[PDB]
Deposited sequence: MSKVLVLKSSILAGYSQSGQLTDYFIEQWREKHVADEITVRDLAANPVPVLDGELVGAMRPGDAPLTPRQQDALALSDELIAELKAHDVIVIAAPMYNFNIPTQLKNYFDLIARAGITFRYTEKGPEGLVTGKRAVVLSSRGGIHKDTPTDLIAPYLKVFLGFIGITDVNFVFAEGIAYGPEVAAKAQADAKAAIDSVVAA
């Protein structure tokens, strides 16, 4: 049995394209693995705080309740990530970057000695053995163009903490009409079917 962790980050709630893709992933995964446990963390519904001077200080004198709470949340998020086998991440493109909702999550899980460390061989990620799937929706078409810096960035960040097995699924041209959008979702769903079947 595998445990699947789904991280939603869209700020569009019910109208989220990436959220619709994560729902499809969950639907298909539950159908294939009826015993698998799925945990969903909606980073928009339940926001993670912005990494500021006070919080970064906490992650490395007495701590204020705010700092204590943020540290506890960081621990929770990290423990949750390490406890699951399949990590599904919704990462749509907002102003050429990922949603701040997801960025805040990354800023709290990237911690020296906890999710990565340095050895005789150099930097080594500590979140091992995971299978990750990135579901990224975009209004325009950026894949394989100089304007898509989020896919490369996600690969680098995830790799740094140890998640190197990352499948990227894209749904682009969403803002170019119901036809283009519909075909984008269909090809993304086909991509998800492949991941689920793998």
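Colleague: List the gaps, meaning deposited-sequence segments with no CA coordinates, ordered along the sequence.
Modeller: Just one stretch lacks coordinates - namely 61 to 63.
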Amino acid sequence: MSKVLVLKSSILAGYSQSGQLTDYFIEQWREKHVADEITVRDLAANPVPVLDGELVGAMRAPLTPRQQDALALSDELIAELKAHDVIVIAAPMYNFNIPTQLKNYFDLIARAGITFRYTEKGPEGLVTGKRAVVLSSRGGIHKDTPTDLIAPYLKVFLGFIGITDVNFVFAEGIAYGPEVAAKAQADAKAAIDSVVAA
From here on, numbers count along this sequence of modelled residues.
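Colleague: Mean Cα B factor from the PDB record: higher for 120 to 128, or higher for 93 to 101?
Modeller: For C-alpha atoms only, the mean B-factor is higher in 120 to 128.
Colleague: On mean C-alpha B-factor from the PDB entry, just flag whether 175 to 183 or 11 to 19 is the higher one.
Modeller: Here the higher of the two C-alpha B-factor means belongs to 175 to 183.
Colleague: Would you mind finding, among 60, 41, 155, 66, the residue with the largest C-alpha temperature factor in the entry?
Modeller: Answer for 60, 41, 155, 66: 60, with the highest C-alpha B-factor.
Colleague: Quick check for you: using the entry's CA B-factors within this chain, is residue 150 in the lowest, middle or highest third?
Modeller: Answer is lowest: the recorded C-alpha B-factor places it there.
Colleague: Taking the C-alpha B-factors as the PDB entry records them, is residue 26 in the lowest, middle or highest third of its chain?
Modeller: Middle third by C-alpha B-factor.
Colleague: Using the temperature factors of the C-alpha atoms in this entry, rank residue 161 within its chain: lowest, middle or highest third.
Modeller: As the PDB entry reports it, the C-alpha B-factor of residue 161 lands in the lowest third of its chain.
Colleague: Sort the modelled residues of this chain by their C-alpha B factor and say whether residue 70 lands in the lowest, middle or highest third.
Modeller: Ranked within chain, residue 70 CA B lands in the middle tercile.
Colleague: Per the entry's values, where does residue 141 land by CA temperature factor relative to the rest of its chain, in the lowest, middle or highest third?
Modeller: Tercile = highest for this residue's CA B-factor.
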